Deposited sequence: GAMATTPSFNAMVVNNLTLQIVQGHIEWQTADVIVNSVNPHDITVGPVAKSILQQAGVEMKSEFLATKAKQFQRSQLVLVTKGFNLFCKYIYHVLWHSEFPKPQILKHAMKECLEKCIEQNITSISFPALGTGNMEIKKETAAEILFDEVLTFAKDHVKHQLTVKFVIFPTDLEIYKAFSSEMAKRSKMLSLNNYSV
């Protein structure tokens, strides 16, 4: 209920702060017009510092798009993948496609570990169970399709959000019932 392995991919569920993560890539969630708002966005901006914002605006104005990439500044990561929640598209669709785009960028950069927050869960954005359903659909699809790329994928739930943590645990549990899984016990 906290970690499984499928082919060349490890998937972990973690209670903690995304902005205090150590990974190749940490994943932000933002309004494209304003990245100073939201639990994740706020925490990642505070932690990384204000120069991450300068770069964001430079790369936006230049026009780099569901995912925009910056460096990590004061995060313990190399890159940040800022997921851009454009209002013009249905929120389950943005999630689906943004997840695909995040994992494809992983292969494009020999990224070996990437940490996501509970994307989509937001507030009245997407039913907790659906967001987890979708997140796991993408991670598993990638694992089947990209078996030669070793990758650790974390979902970091904020310690207070016990219900989101529960949805995610519960979702993994179901998926394992339906999979080989290199999981053991001692």
Which residue ranges of the deposited sequence are not present in the modelled coordinates?
1-8, 73-75
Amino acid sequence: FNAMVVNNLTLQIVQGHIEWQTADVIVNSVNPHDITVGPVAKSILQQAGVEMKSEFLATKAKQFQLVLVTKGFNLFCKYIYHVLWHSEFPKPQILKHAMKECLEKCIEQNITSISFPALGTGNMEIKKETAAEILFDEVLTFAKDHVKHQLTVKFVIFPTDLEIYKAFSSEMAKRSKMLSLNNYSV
From here on, numbers count along this sequence of modelled residues.
Answer yes if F142 is missing coordinates in at least a third of the other compared entries, and no if every one of them models it.
no
If we scan the other compared entries, does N31 go without coordinates in at least a third?
no
Give the stretch, out of 119-127 and 66-74, with the larger mean C-alpha temperature factor in the deposited entry.
119-127
I need to verify one thing: averaged over C-alpha atoms only, is the B-factor higher for 109-117 or for 86-94?
86-94
Between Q21, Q15, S176, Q12, where does the Cα B-factor run highest in the record?
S176
Based on what the PDB entry reports, which of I26, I157, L151, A61 has the top C-alpha B-factor?
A61
Record-listed C-alpha B factor of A3: chain third:
lowest
Assert third(CA B-factor, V50) within chain per record equals highest
